[PDB]
>>> print(open('start_6.cif').read())   # mmCIF, N, CA and C atoms
data_my_file
#
loop_
_atom_site.label_atom_id
_atom_site.label_comp_id
_atom_site.auth_asym_id
_atom_site.auth_seq_id
_atom_site.Cartn_x
_atom_site.Cartn_y
_atom_site.Cartn_z
N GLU T 321 145.66 56.47 79.74
CA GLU T 321 144.39 55.92 79.27
C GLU T 321 143.22 56.82 79.63
N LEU T 322 143.51 57.97 80.21
CA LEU T 322 142.47 58.94 80.53
C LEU T 322 141.64 59.28 79.28
N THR T 323 140.36 58.92 79.33
CA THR T 323 139.48 59.03 78.17
C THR T 323 138.85 60.41 78.08
N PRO T 324 139.08 61.16 77.02
CA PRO T 324 138.39 62.46 76.92
C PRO T 324 136.92 62.24 76.64
N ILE T 325 136.08 62.37 77.66
CA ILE T 325 134.66 62.26 77.41
C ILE T 325 134.21 63.50 76.66
N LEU T 326 134.92 64.60 76.85
CA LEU T 326 134.51 65.88 76.30
C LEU T 326 135.77 66.72 76.08
N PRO T 327 135.62 67.90 75.47
CA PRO T 327 136.75 68.85 75.47
C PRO T 327 137.24 69.17 76.88
N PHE T 328 136.32 69.24 77.87
CA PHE T 328 136.59 69.73 79.22
C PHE T 328 136.42 68.66 80.31
N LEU T 329 136.34 67.38 79.92
CA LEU T 329 136.07 66.33 80.89
C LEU T 329 136.83 65.08 80.49
N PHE T 330 137.66 64.58 81.39
CA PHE T 330 138.45 63.37 81.18
C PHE T 330 138.11 62.40 82.31
N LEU T 331 138.05 61.12 81.95
CA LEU T 331 137.63 60.05 82.86
C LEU T 331 138.72 59.00 82.91
N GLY T 332 139.23 58.74 84.10
CA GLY T 332 140.37 57.88 84.25
C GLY T 332 140.37 57.12 85.55
N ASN T 333 141.53 56.58 85.90
CA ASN T 333 141.67 55.73 87.07
C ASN T 333 142.70 56.29 88.03
N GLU T 334 143.17 55.43 88.93
CA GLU T 334 144.07 55.88 89.99
C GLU T 334 145.41 56.29 89.43
N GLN T 335 145.99 55.47 88.55
CA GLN T 335 147.26 55.84 87.94
C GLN T 335 147.10 57.11 87.13
N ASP T 336 145.93 57.35 86.57
CA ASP T 336 145.71 58.57 85.81
C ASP T 336 145.79 59.79 86.71
N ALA T 337 145.26 59.69 87.92
CA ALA T 337 145.24 60.84 88.83
C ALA T 337 146.64 61.22 89.32
N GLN T 338 147.65 60.34 89.11
CA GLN T 338 149.03 60.59 89.51
C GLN T 338 149.93 61.21 88.44
N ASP T 339 149.54 61.19 87.16
CA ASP T 339 150.45 61.62 86.09
C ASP T 339 150.37 63.14 85.94
N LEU T 340 151.08 63.85 86.83
CA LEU T 340 150.99 65.31 86.79
C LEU T 340 151.54 65.85 85.47
N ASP T 341 152.65 65.27 85.00
CA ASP T 341 153.26 65.74 83.76
C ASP T 341 152.18 65.83 82.70
N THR T 342 151.48 64.72 82.51
CA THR T 342 150.38 64.63 81.56
C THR T 342 149.25 65.60 81.89
N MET T 343 148.95 65.80 83.16
CA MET T 343 147.71 66.48 83.50
C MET T 343 147.75 67.95 83.12
N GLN T 344 148.89 68.63 83.29
CA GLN T 344 148.95 70.05 82.94
C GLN T 344 149.29 70.28 81.47
N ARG T 345 149.78 69.23 80.78
CA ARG T 345 149.85 69.30 79.32
C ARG T 345 148.45 69.23 78.72
N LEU T 346 147.52 68.55 79.40
CA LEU T 346 146.13 68.55 79.03
C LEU T 346 145.37 69.69 79.64
N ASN T 347 146.04 70.53 80.38
CA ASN T 347 145.36 71.60 80.89
C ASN T 347 144.33 71.26 82.02
N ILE T 348 144.56 70.23 82.79
CA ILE T 348 143.63 69.95 83.87
C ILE T 348 143.81 70.99 84.98
N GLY T 349 142.71 71.57 85.42
CA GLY T 349 142.72 72.43 86.57
C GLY T 349 141.80 71.96 87.69
N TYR T 350 141.08 70.87 87.48
CA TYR T 350 140.06 70.40 88.41
C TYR T 350 140.16 68.90 88.51
N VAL T 351 139.90 68.37 89.70
CA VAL T 351 139.96 66.94 89.96
C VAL T 351 138.81 66.53 90.85
N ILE T 352 138.14 65.46 90.46
CA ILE T 352 137.14 64.80 91.29
C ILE T 352 137.64 63.40 91.54
N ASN T 353 137.81 63.08 92.81
CA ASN T 353 138.31 61.81 93.30
C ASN T 353 137.07 61.13 93.87
N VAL T 354 136.63 60.05 93.22
CA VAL T 354 135.41 59.37 93.63
C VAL T 354 135.84 58.15 94.44
N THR T 355 136.63 58.38 95.47
CA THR T 355 136.98 57.31 96.40
C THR T 355 136.94 57.86 97.82
N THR T 356 136.81 56.95 98.72
CA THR T 356 136.91 57.23 100.13
C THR T 356 138.34 57.14 100.63
N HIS T 357 139.18 56.25 100.08
CA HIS T 357 140.48 56.00 100.72
C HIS T 357 141.70 56.62 100.03
N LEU T 358 141.60 57.08 98.85
CA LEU T 358 142.80 57.48 98.12
C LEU T 358 143.21 58.93 98.38
N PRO T 359 144.50 59.24 98.33
CA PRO T 359 144.91 60.63 98.51
C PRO T 359 144.30 61.47 97.41
N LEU T 360 144.25 62.79 97.66
CA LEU T 360 144.12 63.78 96.59
C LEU T 360 145.53 64.00 96.06
N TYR T 361 145.94 63.16 95.12
CA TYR T 361 147.32 63.17 94.64
C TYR T 361 147.69 64.55 94.11
N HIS T 362 148.82 65.09 94.59
CA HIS T 362 149.41 66.36 94.16
C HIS T 362 148.77 67.55 94.86
N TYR T 363 147.94 67.30 95.87
CA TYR T 363 147.26 68.40 96.56
C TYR T 363 148.24 69.46 97.05
N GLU T 364 149.38 69.03 97.63
CA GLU T 364 150.28 69.98 98.28
C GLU T 364 150.88 70.98 97.28
N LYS T 365 150.96 70.63 96.00
CA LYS T 365 151.51 71.50 94.97
C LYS T 365 150.69 72.75 94.67
N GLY T 366 149.47 72.88 95.16
CA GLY T 366 148.70 74.07 94.86
C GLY T 366 148.33 74.25 93.39
N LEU T 367 148.17 73.15 92.64
CA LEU T 367 147.94 73.25 91.20
C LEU T 367 146.47 73.23 90.84
N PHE T 368 145.71 72.34 91.46
CA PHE T 368 144.36 71.99 91.06
C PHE T 368 143.41 72.35 92.17
N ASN T 369 142.14 72.37 91.84
CA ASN T 369 141.06 72.38 92.81
C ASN T 369 140.48 70.98 92.85
N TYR T 370 140.14 70.54 94.06
CA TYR T 370 139.73 69.18 94.28
C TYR T 370 138.38 69.10 94.99
N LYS T 371 137.66 68.02 94.70
CA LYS T 371 136.45 67.63 95.37
C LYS T 371 136.52 66.12 95.51
N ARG T 372 136.33 65.62 96.73
CA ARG T 372 136.24 64.20 96.99
C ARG T 372 134.78 63.81 97.09
N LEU T 373 134.43 62.70 96.45
CA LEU T 373 133.09 62.13 96.59
C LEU T 373 133.40 60.77 97.15
N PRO T 374 133.34 60.62 98.49
CA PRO T 374 133.86 59.42 99.18
C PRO T 374 132.85 58.29 99.02
N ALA T 375 132.86 57.72 97.84
CA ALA T 375 131.98 56.62 97.51
C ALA T 375 132.83 55.36 97.34
N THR T 376 132.20 54.24 97.58
CA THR T 376 132.71 52.90 97.31
C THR T 376 131.88 52.29 96.19
N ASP T 377 132.40 51.21 95.62
CA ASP T 377 131.78 50.53 94.47
C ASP T 377 130.88 49.39 94.93
N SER T 378 130.03 49.66 95.90
CA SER T 378 129.20 48.64 96.50
C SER T 378 127.81 48.68 95.89
N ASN T 379 127.08 47.59 96.05
CA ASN T 379 125.68 47.59 95.65
C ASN T 379 124.81 48.34 96.64
N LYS T 380 125.41 48.89 97.69
CA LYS T 380 124.69 49.65 98.70
C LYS T 380 125.00 51.14 98.61
N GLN T 381 126.02 51.53 97.85
CA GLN T 381 126.42 52.93 97.80
C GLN T 381 125.41 53.79 97.03
N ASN T 382 125.18 54.98 97.56
CA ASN T 382 124.35 56.02 96.94
C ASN T 382 125.24 57.07 96.29
N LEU T 383 125.15 57.20 94.96
CA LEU T 383 125.82 58.26 94.26
C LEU T 383 124.90 59.44 93.94
N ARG T 384 123.59 59.21 93.89
CA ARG T 384 122.68 60.30 93.51
C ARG T 384 122.92 61.52 94.38
N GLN T 385 123.24 61.30 95.66
CA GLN T 385 123.54 62.39 96.57
C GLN T 385 124.70 63.25 96.10
N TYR T 386 125.62 62.70 95.33
CA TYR T 386 126.78 63.46 94.88
C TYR T 386 126.58 64.04 93.50
N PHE T 387 125.54 63.60 92.79
CA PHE T 387 125.30 64.08 91.44
C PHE T 387 125.38 65.60 91.38
N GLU T 388 124.65 66.29 92.26
CA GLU T 388 124.62 67.74 92.15
C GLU T 388 126.01 68.34 92.36
N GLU T 389 126.69 67.93 93.44
CA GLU T 389 128.00 68.49 93.73
C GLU T 389 128.93 68.35 92.53
N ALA T 390 128.89 67.19 91.88
CA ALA T 390 129.79 66.96 90.76
C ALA T 390 129.45 67.86 89.59
N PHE T 391 128.16 68.08 89.34
CA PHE T 391 127.79 68.91 88.19
C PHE T 391 128.26 70.34 88.37
N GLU T 392 127.97 70.92 89.53
CA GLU T 392 128.36 72.30 89.77
C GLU T 392 129.85 72.46 89.56
N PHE T 393 130.63 71.48 90.04
CA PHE T 393 132.07 71.49 89.86
C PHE T 393 132.43 71.37 88.38
N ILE T 394 131.81 70.41 87.68
CA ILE T 394 132.14 70.23 86.26
C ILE T 394 131.77 71.47 85.46
N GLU T 395 130.64 72.10 85.79
CA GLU T 395 130.21 73.23 84.97
C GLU T 395 131.12 74.43 85.19
N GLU T 396 131.51 74.66 86.45
CA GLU T 396 132.51 75.70 86.71
C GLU T 396 133.79 75.44 85.92
N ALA T 397 134.21 74.18 85.83
CA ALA T 397 135.40 73.86 85.06
C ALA T 397 135.20 74.21 83.59
N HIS T 398 133.97 74.01 83.08
CA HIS T 398 133.62 74.49 81.74
C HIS T 398 133.66 76.01 81.69
N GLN T 399 132.92 76.68 82.59
CA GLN T 399 132.85 78.14 82.57
C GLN T 399 134.24 78.77 82.58
N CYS T 400 135.22 78.13 83.23
CA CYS T 400 136.59 78.65 83.30
C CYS T 400 137.51 78.11 82.19
N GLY T 401 137.06 77.20 81.36
CA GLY T 401 137.86 76.81 80.21
C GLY T 401 139.09 75.97 80.55
N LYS T 402 139.04 75.18 81.60
CA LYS T 402 140.13 74.26 81.88
C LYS T 402 139.55 72.84 82.02
N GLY T 403 140.43 71.86 81.92
CA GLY T 403 140.00 70.47 81.98
C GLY T 403 139.64 70.03 83.40
N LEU T 404 138.89 68.93 83.43
CA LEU T 404 138.53 68.25 84.66
C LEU T 404 138.73 66.75 84.50
N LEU T 405 139.46 66.16 85.44
CA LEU T 405 139.61 64.71 85.56
C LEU T 405 138.67 64.19 86.64
N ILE T 406 137.99 63.08 86.36
CA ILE T 406 137.13 62.40 87.30
C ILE T 406 137.61 60.95 87.33
N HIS T 407 137.97 60.46 88.52
CA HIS T 407 138.57 59.14 88.63
C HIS T 407 138.01 58.38 89.82
N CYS T 408 138.16 57.07 89.78
CA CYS T 408 137.85 56.18 90.91
C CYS T 408 139.19 55.45 91.03
N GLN T 409 139.22 54.17 91.35
CA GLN T 409 140.49 53.42 91.33
C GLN T 409 140.68 52.81 89.93
N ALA T 410 139.66 52.81 89.05
CA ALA T 410 139.80 52.10 87.74
C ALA T 410 138.96 52.66 86.60
N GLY T 411 138.18 53.71 86.81
CA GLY T 411 137.37 54.34 85.76
C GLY T 411 136.28 53.43 85.21
N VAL T 412 135.96 52.33 85.88
CA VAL T 412 134.97 51.36 85.35
C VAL T 412 133.56 51.73 85.82
N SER T 413 133.32 51.77 87.13
CA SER T 413 131.96 51.93 87.66
C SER T 413 131.70 53.28 88.33
N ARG T 414 132.26 53.58 89.49
CA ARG T 414 131.89 54.80 90.24
C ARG T 414 132.02 56.09 89.41
N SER T 415 133.20 56.42 88.90
CA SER T 415 133.40 57.69 88.24
C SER T 415 132.64 57.77 86.92
N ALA T 416 132.34 56.60 86.30
CA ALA T 416 131.62 56.58 85.02
C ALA T 416 130.14 56.89 85.21
N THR T 417 129.52 56.27 86.20
CA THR T 417 128.15 56.62 86.57
C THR T 417 127.98 58.12 86.68
N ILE T 418 128.93 58.81 87.30
CA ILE T 418 128.79 60.25 87.46
C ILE T 418 128.93 60.95 86.11
N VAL T 419 129.82 60.47 85.25
CA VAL T 419 129.97 61.06 83.94
C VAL T 419 128.69 60.85 83.13
N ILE T 420 128.20 59.60 83.11
CA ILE T 420 126.96 59.31 82.42
C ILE T 420 125.87 60.25 82.89
N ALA T 421 125.80 60.50 84.18
CA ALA T 421 124.70 61.33 84.67
C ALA T 421 124.87 62.79 84.24
N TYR T 422 126.10 63.32 84.26
CA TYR T 422 126.27 64.68 83.77
C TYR T 422 125.97 64.76 82.28
N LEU T 423 126.46 63.80 81.50
CA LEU T 423 126.17 63.78 80.07
C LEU T 423 124.65 63.75 79.88
N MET T 424 123.91 63.18 80.84
CA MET T 424 122.45 63.21 80.77
C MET T 424 121.89 64.61 80.99
N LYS T 425 122.24 65.26 82.10
CA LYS T 425 121.55 66.48 82.49
C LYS T 425 122.11 67.73 81.84
N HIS T 426 123.41 67.80 81.60
CA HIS T 426 124.03 69.01 81.07
C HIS T 426 124.47 68.83 79.63
N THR T 427 124.25 67.65 79.06
CA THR T 427 124.16 67.47 77.61
C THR T 427 122.78 66.88 77.33
N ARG T 428 122.33 67.00 76.09
CA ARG T 428 121.01 66.49 75.72
C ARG T 428 121.17 65.02 75.35
N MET T 429 120.97 64.15 76.35
CA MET T 429 121.06 62.72 76.12
C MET T 429 120.25 61.92 77.12
N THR T 430 119.66 60.83 76.64
CA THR T 430 119.08 59.84 77.53
C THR T 430 120.19 58.96 78.10
N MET T 431 119.84 58.16 79.10
CA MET T 431 120.85 57.30 79.71
C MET T 431 121.45 56.37 78.67
N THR T 432 120.59 55.68 77.92
CA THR T 432 121.08 54.78 76.89
C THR T 432 122.11 55.48 76.01
N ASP T 433 121.84 56.73 75.65
CA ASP T 433 122.72 57.47 74.75
C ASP T 433 123.96 57.96 75.46
N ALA T 434 123.78 58.49 76.67
CA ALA T 434 124.92 58.95 77.46
C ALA T 434 125.85 57.78 77.79
N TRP T 435 125.28 56.67 78.26
CA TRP T 435 126.05 55.44 78.48
C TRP T 435 126.75 55.01 77.21
N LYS T 436 126.02 54.98 76.09
CA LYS T 436 126.60 54.51 74.82
C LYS T 436 127.80 55.35 74.41
N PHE T 437 127.69 56.69 74.50
CA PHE T 437 128.83 57.54 74.15
C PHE T 437 130.08 57.18 74.95
N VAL T 438 129.94 57.07 76.28
CA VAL T 438 131.09 56.88 77.16
C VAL T 438 131.73 55.53 76.94
N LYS T 439 130.91 54.48 76.82
CA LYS T 439 131.45 53.14 76.56
C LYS T 439 132.12 53.09 75.20
N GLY T 440 131.69 53.97 74.27
CA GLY T 440 132.33 54.01 72.97
C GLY T 440 133.73 54.58 73.02
N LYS T 441 134.01 55.49 73.97
CA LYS T 441 135.36 55.99 74.18
C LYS T 441 136.14 55.17 75.21
N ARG T 442 135.46 54.64 76.23
CA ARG T 442 136.09 53.97 77.37
C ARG T 442 135.35 52.66 77.58
N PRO T 443 135.60 51.66 76.75
CA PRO T 443 134.79 50.43 76.78
C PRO T 443 134.96 49.56 78.01
N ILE T 444 135.83 49.90 78.97
CA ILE T 444 135.90 49.08 80.18
C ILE T 444 134.79 49.39 81.19
N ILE T 445 134.03 50.46 80.97
CA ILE T 445 133.05 50.89 81.96
C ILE T 445 131.98 49.83 82.13
N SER T 446 131.67 49.51 83.39
CA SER T 446 130.66 48.52 83.74
C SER T 446 130.02 48.93 85.07
N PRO T 447 129.25 50.01 85.08
CA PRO T 447 128.46 50.32 86.27
C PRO T 447 127.59 49.14 86.66
N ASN T 448 127.48 48.90 87.97
CA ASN T 448 126.81 47.74 88.55
C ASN T 448 125.31 48.01 88.58
N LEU T 449 124.52 46.97 88.83
CA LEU T 449 123.06 47.13 88.79
C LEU T 449 122.61 48.27 89.68
N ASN T 450 123.22 48.41 90.86
CA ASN T 450 122.78 49.47 91.74
C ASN T 450 122.94 50.84 91.11
N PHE T 451 124.07 51.07 90.44
CA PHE T 451 124.32 52.37 89.82
C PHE T 451 123.42 52.55 88.60
N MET T 452 123.29 51.50 87.80
CA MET T 452 122.36 51.57 86.71
C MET T 452 120.97 52.01 87.20
N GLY T 453 120.48 51.34 88.25
CA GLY T 453 119.16 51.62 88.76
C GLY T 453 119.01 53.05 89.24
N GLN T 454 120.08 53.62 89.76
CA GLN T 454 120.07 55.00 90.21
C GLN T 454 120.12 55.96 89.04
N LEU T 455 120.74 55.55 87.92
CA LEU T 455 120.69 56.31 86.69
C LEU T 455 119.27 56.34 86.14
N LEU T 456 118.52 55.25 86.31
CA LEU T 456 117.15 55.20 85.80
C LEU T 456 116.25 56.18 86.53
N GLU T 457 116.26 56.13 87.87
CA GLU T 457 115.48 57.10 88.65
C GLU T 457 115.85 58.52 88.26
N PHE T 458 117.14 58.78 88.03
CA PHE T 458 117.58 60.11 87.61
C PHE T 458 116.94 60.51 86.28
N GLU T 459 116.82 59.57 85.34
CA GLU T 459 116.13 59.84 84.08
C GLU T 459 114.66 60.22 84.30
N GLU T 460 113.92 59.39 85.05
CA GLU T 460 112.55 59.73 85.40
C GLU T 460 112.49 61.13 85.98
N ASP T 461 113.22 61.34 87.08
CA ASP T 461 113.14 62.59 87.84
C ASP T 461 113.50 63.80 87.00
N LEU T 462 114.40 63.66 86.03
CA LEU T 462 114.62 64.77 85.10
C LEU T 462 113.37 64.95 84.24
N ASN T 463 113.08 63.97 83.36
CA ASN T 463 111.85 63.91 82.57
C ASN T 463 110.68 63.45 83.46
N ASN T 464 110.38 64.26 84.47
CA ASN T 464 109.41 63.90 85.50
C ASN T 464 108.00 63.88 84.97
#
>>> encode(input="start_6.cif", output="structure tokens")
Amino acid sequence: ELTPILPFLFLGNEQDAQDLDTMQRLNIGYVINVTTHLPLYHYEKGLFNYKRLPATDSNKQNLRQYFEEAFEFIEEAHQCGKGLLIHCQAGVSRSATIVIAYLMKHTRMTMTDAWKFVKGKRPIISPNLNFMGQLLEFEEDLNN
């Protein structure tokens, strides 16, 4: 169910991060794990490059702090022409907020539009009020 948000960006869940067979058929070379507790599945195989963003899906969690780290990673994955998977435990809130924000800054889109695109491919996404609110400040601060 890994949703191709882009040619070079896929958004999925925990079971998605485990399907190695699938992942190298899609050409994934990069993984962002947006959890605090889950393994970097397949790390020992030496296949992928990984970045953990140890966030929880709380109304108290700050993702804006990770926005930059995730973009630099995603853009390198573009510059090198291989796929990137971004996952949480379910692809609904944490990992989607980060996708929405990249689609904002490194594609030409407002939040409404970036959110609309992603929900159109992956309609289970439901970022919580806290994440929404952090997406709004990000819009202001870009279009400052």
>>> axis_aligned_box(input="start_6.cif", around="range 361-376 of chain T", padding_each_side="3 Å", output="AutoDock Vina command-line options")
--center_x 141.7 --center_y 63.3 --center_z 95.0 --size_x 25.6 --size_y 28.0 --size_z 14.3
>>> closest_atom_pairs(input="start_6.cif", of="range 403-460 of chain T", to="range 333-342 of chain T", cutoff="6 Å", atoms="all atoms listed in the file", output="CSV")
residue,atom,partner,partner_atom,distance
T:407,CA,T:333,N,4.8
T:408,C,T:334,N,4.5
T:409,C,T:334,N,3.8
T:410,N,T:333,CA,4.1
T:411,N,T:333,CA,4.0
>>> write_last_selection(input="start_6.cif", atoms="N, CA and C atoms", output="PDB file, keeping the file's coordinate frame")
ATOM      1  N   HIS T 407     137.970  60.460  88.520  1.00  0.00           N
ATOM      2  CA  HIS T 407     138.570  59.140  88.630  1.00  0.00           C
ATOM      3  C   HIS T 407     138.010  58.380  89.820  1.00  0.00           C
ATOM      4  N   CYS T 408     138.160  57.070  89.780  1.00  0.00           N
ATOM      5  CA  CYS T 408     137.850  56.180  90.910  1.00  0.00           C
ATOM      6  C   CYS T 408     139.190  55.450  91.030  1.00  0.00           C
ATOM      7  N   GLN T 409     139.220  54.170  91.350  1.00  0.00           N
ATOM      8  CA  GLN T 409     140.490  53.420  91.330  1.00  0.00           C
ATOM      9  C   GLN T 409     140.680  52.810  89.930  1.00  0.00           C
ATOM     10  N   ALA T 410     139.660  52.810  89.050  1.00  0.00           N
ATOM     11  CA  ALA T 410     139.800  52.100  87.740  1.00  0.00           C
ATOM     12  C   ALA T 410     138.960  52.660  86.600  1.00  0.00           C
ATOM     13  N   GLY T 411     138.180  53.710  86.810  1.00  0.00           N
ATOM     14  CA  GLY T 411     137.370  54.340  85.760  1.00  0.00           C
ATOM     15  C   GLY T 411     136.280  53.430  85.210  1.00  0.00           C
TER      16      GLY T 411
END
>>> atom_distance(input="start_6.cif", atom1="atom N of residue 422 in chain T", atom2="atom N of residue 396 in chain T")
12.8 Å
>>> atom_distance(input="start_6.cif", atom1="atom C of residue 402 in chain T", atom2="atom N of residue 349 in chain T")
4.8 Å
>>> select_by_dssp(input="start_6.cif", residues="range 371-415 of chain T", states="strand (DSSP E or B)", output="PyMOL selection string")
chain T and resi 371-372+403-407
>>> residues_near_point(input="start_6.cif", point="(138.6, 67.1, 95.0)", cutoff="6.5 Å", atoms="all atoms listed in the file", output="VMD selection string")
chain T and resid 351 to 353 369 to 373
>>> select_by_dssp(input="start_6.cif", residues="range 408-456 of chain T", states="helix (DSSP H, G or I)", output="PyMOL selection string")
chain T and resi 414-425+431-441+449-456
>>> residues_around(input="start_6.cif", residues="range 441-448 of chain T", least_positions_apart="5", cutoff="6.5 Å", atoms="only N, CA and C atoms", output="mmCIF file with N, CA and C atoms, keeping the file's coordinate frame")
data_model
loop_
_atom_site.group_PDB
_atom_site.id
_atom_site.type_symbol
_atom_site.label_atom_id
_atom_site.label_comp_id
_atom_site.auth_asym_id
_atom_site.auth_seq_id
_atom_site.Cartn_x
_atom_site.Cartn_y
_atom_site.Cartn_z
ATOM 1 N N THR T 323 140.360 58.920 79.330
ATOM 2 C CA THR T 323 139.480 59.030 78.170
ATOM 3 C C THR T 323 138.850 60.410 78.080
ATOM 4 N N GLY T 411 138.180 53.710 86.810
ATOM 5 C CA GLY T 411 137.370 54.340 85.760
ATOM 6 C C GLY T 411 136.280 53.430 85.210
ATOM 7 N N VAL T 412 135.960 52.330 85.880
ATOM 8 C CA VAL T 412 134.970 51.360 85.350
ATOM 9 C C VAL T 412 133.560 51.730 85.820
ATOM 10 N N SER T 413 133.320 51.770 87.130
ATOM 11 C CA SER T 413 131.960 51.930 87.660
ATOM 12 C C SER T 413 131.700 53.280 88.330
ATOM 13 N N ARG T 414 132.260 53.580 89.490
ATOM 14 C CA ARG T 414 131.890 54.800 90.240
ATOM 15 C C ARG T 414 132.020 56.090 89.410
ATOM 16 N N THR T 417 129.520 56.270 86.200
ATOM 17 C CA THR T 417 128.150 56.620 86.570
ATOM 18 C C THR T 417 127.980 58.120 86.680
ATOM 19 N N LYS T 436 126.020 54.980 76.090
ATOM 20 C CA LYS T 436 126.600 54.510 74.820
ATOM 21 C C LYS T 436 127.800 55.350 74.410
ATOM 22 N N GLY T 453 120.480 51.340 88.250
ATOM 23 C CA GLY T 453 119.160 51.620 88.760
ATOM 24 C C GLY T 453 119.010 53.050 89.240
#
>>> closest_residue(input="start_6.cif", among="T:343, T:384, T:394, T:401", to="residue 454 in chain T", atoms="all atoms listed in the file")
T:384
>>> residues_around(input="start_6.cif", residues="residue 331 in chain T", least_positions_apart="3", cutoff="5 Å", atoms="only N, CA and C atoms", output="VMD selection string")
chain T and resid 322 to 323 325 406
>>> resolve_selection(input="start_6.cif", expression="the PyMOL selection byres (((chain T and resi 431 and name CA) around 12) and name CA)", output="ChimeraX atom specification")
/T:417-425,427-430,432-439,451-460,462-463
>>> closest_residue(input="start_6.cif", among="T:367, T:376, T:359, T:426", to="residue 391 in chain T", atoms="only N, CA and C atoms")
T:426
>>> atom_distance(input="start_6.cif", atom1="CA of residue 347 in chain T", atom2="CA of residue 397 in chain T")
11.0 Å
>>> build_atoms(input="start_6.cif", residues="range 450-463 of chain T", atoms="N, CA, C and O atoms", output="JSON list (two decimals), in the coordinates of the input")
[["chain", "number", "residue", "atom", "x", "y", "z"],
["T", 450, "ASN", "N", 123.22, 48.41, 90.86],
["T", 450, "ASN", "CA", 122.78, 49.47, 91.74],
["T", 450, "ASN", "C", 122.94, 50.84, 91.11],
["T", 450, "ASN", "O", 122.10, 51.73, 91.30],
["T", 451, "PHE", "N", 124.07, 51.07, 90.44],
["T", 451, "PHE", "CA", 124.32, 52.37, 89.82],
["T", 451, "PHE", "C", 123.42, 52.55, 88.60],
["T", 451, "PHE", "O", 122.82, 53.61, 88.39],
["T", 452, "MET", "N", 123.29, 51.50, 87.80],
["T", 452, "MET", "CA", 122.36, 51.57, 86.71],
["T", 452, "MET", "C", 120.97, 52.01, 87.20],
["T", 452, "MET", "O", 120.34, 52.90, 86.62],
["T", 453, "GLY", "N", 120.48, 51.34, 88.25],
["T", 453, "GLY", "CA", 119.16, 51.62, 88.76],
["T", 453, "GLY", "C", 119.01, 53.05, 89.24],
["T", 453, "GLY", "O", 117.91, 53.62, 89.19],
["T", 454, "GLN", "N", 120.08, 53.62, 89.76],
["T", 454, "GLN", "CA", 120.07, 55.00, 90.21],
["T", 454, "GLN", "C", 120.12, 55.96, 89.04],
["T", 454, "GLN", "O", 119.64, 57.09, 89.17],
["T", 455, "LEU", "N", 120.74, 55.55, 87.92],
["T", 455, "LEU", "CA", 120.69, 56.31, 86.69],
["T", 455, "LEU", "C", 119.27, 56.34, 86.14],
["T", 455, "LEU", "O", 118.86, 57.34, 85.55],
["T", 456, "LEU", "N", 118.52, 55.25, 86.31],
["T", 456, "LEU", "CA", 117.15, 55.20, 85.80],
["T", 456, "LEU", "C", 116.25, 56.18, 86.53],
["T", 456, "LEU", "O", 115.55, 56.98, 85.91],
["T", 457, "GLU", "N", 116.26, 56.13, 87.87],
["T", 457, "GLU", "CA", 115.48, 57.10, 88.65],
["T", 457, "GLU", "C", 115.85, 58.52, 88.26],
["T", 457, "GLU", "O", 114.99, 59.40, 88.18],
["T", 458, "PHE", "N", 117.14, 58.78, 88.03],
["T", 458, "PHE", "CA", 117.58, 60.11, 87.61],
["T", 458, "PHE", "C", 116.94, 60.51, 86.28],
["T", 458, "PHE", "O", 116.57, 61.68, 86.09],
["T", 459, "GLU", "N", 116.82, 59.57, 85.34],
["T", 459, "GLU", "CA", 116.13, 59.84, 84.08],
["T", 459, "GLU", "C", 114.66, 60.22, 84.30],
["T", 459, "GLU", "O", 114.18, 61.24, 83.79],
["T", 460, "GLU", "N", 113.92, 59.39, 85.05],
["T", 460, "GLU", "CA", 112.55, 59.73, 85.40],
["T", 460, "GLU", "C", 112.49, 61.13, 85.98],
["T", 460, "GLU", "O", 111.87, 62.03, 85.41],
["T", 461, "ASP", "N", 113.22, 61.34, 87.08],
["T", 461, "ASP", "CA", 113.14, 62.59, 87.84],
["T", 461, "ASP", "C", 113.50, 63.80, 87.00],
["T", 461, "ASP", "O", 112.97, 64.89, 87.25],
["T", 462, "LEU", "N", 114.40, 63.66, 86.03],
["T", 462, "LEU", "CA", 114.62, 64.77, 85.10],
["T", 462, "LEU", "C", 113.37, 64.95, 84.24],
["T", 462, "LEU", "O", 112.65, 65.95, 84.38],
["T", 463, "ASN", "N", 113.08, 63.97, 83.36],
["T", 463, "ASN", "CA", 111.85, 63.91, 82.57],
["T", 463, "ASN", "C", 110.68, 63.45, 83.46],
["T", 463, "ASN", "O", 110.08, 62.39, 83.24]]
